[PDB]
Amino acid sequence: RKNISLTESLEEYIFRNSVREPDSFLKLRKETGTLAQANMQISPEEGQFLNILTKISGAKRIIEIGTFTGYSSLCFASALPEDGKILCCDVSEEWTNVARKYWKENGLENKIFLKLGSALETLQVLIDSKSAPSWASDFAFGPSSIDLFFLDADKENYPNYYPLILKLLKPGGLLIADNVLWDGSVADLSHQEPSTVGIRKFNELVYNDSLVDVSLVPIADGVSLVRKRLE
Amino acid sequence: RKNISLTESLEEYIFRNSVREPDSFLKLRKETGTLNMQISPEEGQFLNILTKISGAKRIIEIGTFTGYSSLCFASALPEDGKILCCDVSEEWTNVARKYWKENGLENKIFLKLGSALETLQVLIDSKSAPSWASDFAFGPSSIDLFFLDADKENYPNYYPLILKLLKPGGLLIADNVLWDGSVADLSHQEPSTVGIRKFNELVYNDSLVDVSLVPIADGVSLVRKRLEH
Ligand SMILES: Nc1ncnc2c1ncn2[C@@H]1O[C@H](CSCC[C@H](N)C(=O)O)[C@@H](O)[C@H]1O
Ligand SMILES: Nc1ncnc2c1ncn2[C@@H]1O[C@H](CSCC[C@H](N)C(=O)O)[C@@H](O)[C@H]1O
């Protein structure tokens with residue numbers, strides 16, 4: 001094995017030695033745990049990973065595709081510099097109502113932009129925009145305008161988000177892709193669900209794309225670091 | 001429960017879907033194999049991508065061995081980027097240079113043999129650049145990125161030196177922070193284990209940094225020196 005075998009005990013050690021979690025963030029995880037799609041949200045470890053990556057990258061304009069109850073957006077929003085901003089794309093009013101509850105609790109709303117609706121559409125309108133739509137005014141628009149992407153939406157559509165992400169990203173920009181291992185089902189060809197297929201196709205596109213570099217990190221359910229190359 | 005359980009076939013899948021390894025790098029791994037102390041190609045590419053993302057131009061590597069990570073750093077670096085390697089062994093760094101030279105990377109690479117504790121302190125205290133760091137960097141707050149992969153028992157001692165040498169916003173990448181899981185088991189009180197444990201505690205309690213402890217390889221900590229406001 002290339003990677004350490006994790007145990008419960010070792011995961012608790014990791015938590016106790018890396019995770020410094022605000023009570024409001026913990027509050028959100030507990031609230032989300034009540035919901036059926038509770039496991040749809042990231043670990044606080046993954047949160048911290050996104051946090052450090054945002055800082056390391058120097059990102060000032062982020063787009064999150066798939067927001068849910070808002071944990072990751074909370075991590076991005078607090079990691080951004082005071083002049084840094086994030087656009088969140090989600091189909092759900094209900095869940096992003098929970099997200100905003102926590103954005104407000106943490107005083108981060110000023111940094112955060114929300115566009116409800118289909119993300120394929122939200123991204124295309126942003127690409128084609130000549131001036132900024134009201135919801136992206138003072139954020140960004142047009143191709144090569146984004147520093148960092150977080151992809152965590154509907155999995156079957158991952159290969160369709162990819163070209164749009166790549167067009168919106170500045171050269172040197174970063175795509176962070178969630179769920180790239182899909183509980184290990186990606187490696188098992190008996191699994192042919194639309195979500196599993198989308199993720200496999202996405203991983204394949206990224207791997208064979210000479211315009212990017214990839215690091216597939218076995219954190220959480222797999223996290224791909226996909227950097228758009230210069231020129 | 002927090003992270004996916006990896007299998008060897010899932011690791012094979014990860015390899016096939018991320019690793020694009022130059023023949024030279026593969027050859028070095030095979031060679032090193034004849035003599036475990038070195039990284040996977042997966043960790044190499046992780047270090048590669050972090051180098052580009054961070055925009056680092058001055059890297060110090062503490063612990064070089066046969067040189068696989070240094071090769072990843074040196075090729076990831078821009079044309080004007082540079083790496084200083086610190087190692088105790090002429091013998092292993094001789095293998096490192098063989099591969100530096102094969103890849104035409106020597107111009108970007110600096111080397112100081114000896115106790116890295118002494119190398120780092122000398123670099124901090126230098127009024128002008130020492131011969132081995134001329135046209136690299138010297139003094140406090142002069143370094144963008146560190147890879148820490150040397151003698152584990154001295155991890156707590158490297159830490160304050162790294163922090164002094166790092167620019168604000170600079171990155172420390174620390175290898176072996178999980179140490180085969182031993183860090184979580186208090187029956188294990190080996191000097192190496194004690195050093196890594198203490199290092200982890202120091203990092204976690206230090207408000208001058210942020211940390212992400214990534215369960216790749218034998219544990220990799222990303223430790224970023226915070227900006228000074
Ligand atoms: N086509 C689509 N466009 C935009 N959002 C979508 C979408 N399909 C599903 N989603 C949303 O994407 C979310 C995926 S779960 C995202 C997890 C979240 N980033 C967290 O940290 O908790 C769900 O809330 C779902 O409503
Ligand atoms: N006190 C010390 N100062 C600097 N290097 C040391 C040291 N003690 C041991 N080392 C060296 O640290 C090296 C790195 S261990 C090998 C890992 C290497 N970075 C790689 O990618 O392959 C070994 O060669 C060992 O000789």
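So that the names make sense, note that chain A is the first sequence line, chain B the second, and so on, each numbered from 1. The analysis underlying the following values was restricted to heavy atoms, covering all of them including side chains, and did not include hydrogens, waters or symmetry mates.
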Point to revise | Pair A:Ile219-B:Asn3, side chain to side chain contact (heavy atoms under 4.5 Å, CB included): steps then yes or no | key: CA-CA 6 Å; A:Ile219 189 179; B:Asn3 300 279; 3.5 Å; yes

Practice item. Against chain B, label A:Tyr13 side chain, backbone, both or neither, depending on which of its atoms sit under 4.5 Å from a heavy atom there. Key: side chain

Check your understanding: Does the pair B:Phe46 and A:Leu225 meet the rule for a side chain to side chain contact (heavy atoms under 4.5 Å, CB included), with working shown?
Key -> CA-CA 8 Å; B:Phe46 181 55; A:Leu225 301 181; 3.8 Å; yes

Exercise for review: Give a yes or no on whether a salt bridge exists between B:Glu42 and A:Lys2, defined as a side-chain N under 4.0 angstrom from a carboxylate O.
Suggested key: yes

Review point. After noting the C-alpha distance and the side-chain angles of B:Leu6 and A:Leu6, does the key distance pass the side chain to side chain contact (heavy atoms under 4.5 Å, CB included) rule?
Key: CA-CA 9 Å; B:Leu6 290 177; A:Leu6 293 166; over 6 Å; no

Point to revise | Any side-chain heavy-atom pair of B:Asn17 and A:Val180 under 4.5 Å | key: no

Exercise for review: Starting at OG of A:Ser9, measure out to CG of B:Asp185 and round the result to the nearest 0.5 Å.
Suggested key: 7.0 Å

Review point. Considering only heavy atoms, which portion of A:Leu174 lies under 4.5 Å from any heavy atom of chain B: side chain, backbone, both, or neither?
Key: side chain

Exercise for review: Give, as side chain, backbone, both or neither, the part of A:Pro81 having an atom under 4.5 angstrom from any heavy atom of chain B.
Suggested key: neither

Check your understanding: Say you draw a straight line from OG of B:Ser212 to NZ of A:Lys55; how long is it, rounded to the nearest 0.5 Å?
Key -> 11.5 Å

Study note, to complete from the structure: Scored by heavy-atom pairs under 4.5 Å with chain B, the best of A:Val217, A:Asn208, A:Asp209 is A:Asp209

Exercise for review: May I ask you to test the B:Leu50-A:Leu53 pair for a side-chain heavy-atom distance under 4.5 Å?
Suggested key: yes

Point to revise | Under 4.5 Å from a heavy atom of chain B, the part of A:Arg16 involved | key: backbone

Study note, to complete from the structure: Cut-off 4.5 Å, heavy atoms of chain B, and the answer for A:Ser185 is neither

Review point. What part of A:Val223 lies closer than 4.5 angstrom to a heavy atom of chain B: side chain, backbone, both or neither?
Key: neither

Check your understanding: Do you know which of A:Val214, A:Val206, A:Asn51 has the most heavy-atom pairs under 4.5 Å to chain B?
Key -> A:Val214

Review point. Is the number of heavy atoms from other residues, nucleotides or ligands within 6.0 Å of CG (B:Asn107) greater than 12?
Key: yes

Exercise for review: To the nearest 0.5 Å, tell me how far B:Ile14 CD1 sits from A:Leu216 CG.
Suggested key: 6.0 Å

Review point. Just wondering, more than 12 heavy atoms not from A:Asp23 lying within 6.0 Å of its CG?
Key: no

Review point. In terms of heavy-atom proximity below 4.5 Å to chain A, should B:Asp180 be classed as side chain, backbone, both, or neither?
Key: backbone

Practice item. May I have the step-by-step check of side chain to side chain contact (heavy atoms under 4.5 Å, CB included) for A:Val226 and B:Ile49, ending in yes or no? Key: CA-CA 8 Å; A:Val226 185; B:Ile49 216 160; over 6 Å; no

Exercise for review: Indicate whether any N or O donor in one side chain lies under 3.5 Å from an N or O acceptor in the other, for A:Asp213 and B:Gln45.
Suggested key: no

Point to revise | More than 12 heavy atoms of other groups within 6.0 Å of A:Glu82 CD | key: no

Exercise for review: Kindly give the heavy-atom pair with the smallest separation between B:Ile4 and A:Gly184, and that separation in Å.
Suggested key: CD1-N, 3.3 Å

Point to revise | Side chains of B:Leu10 and A:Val186 in contact at under 4.5 Å (non-hydrogen atoms) | key: yes

Study note, to complete from the structure: Residue from A:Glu46, A:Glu12, A:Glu204, A:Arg20 scoring the most non-hydrogen pairs under 4.5 Å with chain B is A:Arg20

Practice item. Under 4.5 Å, counting heavy-atom pairs only, tell me which of B:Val19, B:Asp218, B:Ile39 racks up the most with chain A. Key: B:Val19

